[PDB]
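So that we are looking at the same thing, I have put the structure below in structure tokens.
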Amino acid sequence: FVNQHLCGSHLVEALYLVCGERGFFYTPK
Amino acid sequence: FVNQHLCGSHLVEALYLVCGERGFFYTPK
Amino acid sequence: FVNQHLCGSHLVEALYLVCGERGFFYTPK
Amino acid sequence: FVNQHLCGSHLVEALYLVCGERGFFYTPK
Amino acid sequence: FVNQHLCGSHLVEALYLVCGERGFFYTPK
Amino acid sequence: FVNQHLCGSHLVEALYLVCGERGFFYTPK
Amino acid sequence: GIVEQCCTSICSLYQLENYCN
Amino acid sequence: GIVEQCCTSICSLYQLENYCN
Amino acid sequence: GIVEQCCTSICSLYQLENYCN
Amino acid sequence: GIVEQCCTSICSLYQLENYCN
Amino acid sequence: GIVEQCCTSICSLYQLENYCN
Amino acid sequence: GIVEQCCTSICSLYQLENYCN
Ligand SMILES: Oc1cccc(O)c1
Ligand SMILES: Oc1cccc(O)c1
Ligand SMILES: Oc1cccc(O)c1
Ligand SMILES: Oc1cccc(O)c1
Ligand SMILES: Oc1cccc(O)c1
Ligand SMILES: Oc1cccc(O)c1
Ligand SMILES: [Cl-]
Ligand SMILES: [Cl-]
Ligand SMILES: [Zn+2]
Ligand SMILES: [Zn+2]
């Protein structure tokens, strides 16, 4: 529900930072 | 400057929002 | 409470992006 | 560059925090 | 669920806007 | 300078994530 | 209002649009 | 508007508060 | 790609939707 | 610390001000 | 997946990098 | 400091760690 939705918003922020030029795949599953 | 870097941070946000359960691939390049 | 507070934060960002040039009204009560 | 768009994103976050329970209209010109 | 970590992220964002050019120390201890 | 203001907002989020339990000292001046 | 609607369950983009001007 | 007013020089908390309901 | 398309002028959420899985 | 003070109940911007340099 | 691994317990940046391209 | 260093070009995660306590 909402707390997983909010958490995913931060997860993608952290991936953006850590992955750098490599980028990333975000797939809830 | 770091303009592209700040822009990408907002882009992954907006992708997170619009893509929903599909998720997305973020690849600069 | 805190949770609602953190949620409202993401809500205004989502409104910003979805509403575009229309703008939006955030009235939490 | 999408500077007004990125600025407005931080502006609504700032308004969210300042206005608290009063809420706010965001009405871009 | 990860809610102190998520709260802390919003907290730094809010401190940033309150503190301005003064800056701030964030010590999670 | 607003450009600096927006950059700093992303800097503190990045520091929040990278510094972990250490915390960080944000001092723009 | 929006908090009650959208902080207990995820609102769709179209639901959020109700709050646009 | 707010973008014109606040996107070159920083609006303080105080100034931003003028836009609250 | 996304940076070239969307960082010099604004992409709508519909345009961004092209980059969804 | 701040997390204890401000993550179970909401801190005002004035309360937040305590942590500025 | 990522939500399962990282929304219940905190993932470090090192753990998160496992999801990079 | 951090602005002169990291707002004029992109800092690596190791460069940002200079500013950790
Ligand atoms: O229901 C919600 C809550 C927060 C952000 C969002 O896009 C939807
Ligand atoms: O002038 C501004 C622009 C964006 C955020 C903010 O807090 C102030
Ligand atoms: O064109 C853009 C750039 C960054 C965020 C966004 O929603 C759109
Ligand atoms: O108490 C809090 C926690 C997080 C953000 C904020 O503005 C206040
Ligand atoms: O485990 C998590 C969840 C969300 C953001 C993050 O950096 C780590
Ligand atoms: O140089 C920078 C500026 C802002 C965020 C970041 O991760 C790096
Ligand atoms: Cl959150
Ligand atoms: Cl920005
Ligand atoms: Zn959040
Ligand atoms: Zn930004």
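Atoms within a ligand are numbered from 1 in the order they appear, just like the ligands themselves. Lettering of chains follows the sequences in order, A, B, ..., and the numbering in each one begins at 1. In what follows, every heavy atom counts, from backbone to side chain, and hydrogens, waters and symmetry copies are set aside.
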Taking the two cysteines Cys7(B) and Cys6(I), decide whether their SG atoms are closer than 2.5 angstrom.
->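 No, because the SG atoms of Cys7(B) and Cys6(I) are not under 2.5 Å apart, which misses the disulfide cut-off.
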Would you indicate whether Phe1(A), at its atom CZ, is surrounded by more than 12 heavy atoms from other residues, nucleotides or ligands within a distance under 6.0 Å?
->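 No, the 6.0 Å shell around CZ holds no more than 12 heavy atoms from other groups.
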Taking atom types as modelled, is there a side-chain donor on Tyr19(I) or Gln5(I) under 3.5 Å from an acceptor on the other?
-> yes
Counting from 1, what ligand 5 atoms have a heavy atom of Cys6(K) closer than 4.0 Å?
->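 Listed by number with element: 1 (O), 2 (C), 3 (C).
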Please state which part of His5(E) comes within less than 4.0 Å of ligand 5, counting heavy atoms only: side chain, backbone, both or neither.
->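 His5(E) to ligand 5: side-chain contact only, backbone stays beyond 4.0 Å.
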Run down the list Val2(A), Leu11(C), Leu6(C) and name the one with the heavy atom closest to atom 4 (C) of ligand 1.
->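 Of the listed residues, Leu11(C) has the closest heavy atom.
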Do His10(A) and ligand 5 have an N or O pair less than 3.5 Å apart?
->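 No, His10(A) has no N/O under 3.5 Å of an N/O on ligand 5.
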Of all the atoms in ligand 1, which lie at a distance below 4.0 Å from a heavy atom belonging to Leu17(B)?
->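 Near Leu17(B), meaning under 4.0 Å from one of its heavy atoms, ligand 1 has 7 (O).
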Which of the atoms of ligand 1 are close to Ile10(G), meaning less than 4.0 Å from one of its heavy atoms?
->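 Counting from 1, the qualifying ligand atoms are 1 (O).
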Go through ligand 5 atom by atom and flag the ones less than 4.0 Å from a non-hydrogen atom of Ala14(A).
-> 7 (O)
Any side-chain heavy atom of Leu17(C) within less than 4.5 Å of one from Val18(B)?
->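 No, too far: nothing below the 4.5 Å cut-off.
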Between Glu13(E) and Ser9(F), is any side-chain donor less than 3.5 angstrom from a side-chain acceptor?
->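 No pair is found: no donor N or O on one side chain lies under 3.5 Å from an acceptor on the other.
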May I ask you to check if ligand 5 and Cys11(K) share an N or O to N or O distance below 3.5 Å?
->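 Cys11(K) vs ligand 5: N/O contact under 3.5 Å present.
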Compute the ring centroids of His5(B) and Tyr16(A), then answer whether they are less than 6.0 Å apart.
->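 Ring-ring flag for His5(B)/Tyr16(A): true, centres closer than 6.0 Å.
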Could you tell me which atoms of ligand 1, counted from 1 in the order shown, lie closer than 4.0 angstrom to a heavy atom of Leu16(G)?
-> 7 (O)
Considering only heavy atoms, does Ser9(K) approach ligand 5 within less than 4.0 Å through its side chain, its backbone, both, or neither?
-> backbone
Heavy-atom closest pair, residues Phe24(A) and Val12(A) |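 Where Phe24(A) meets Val12(A) most closely, the heavy atoms are CZ-O, 3.8 Å.
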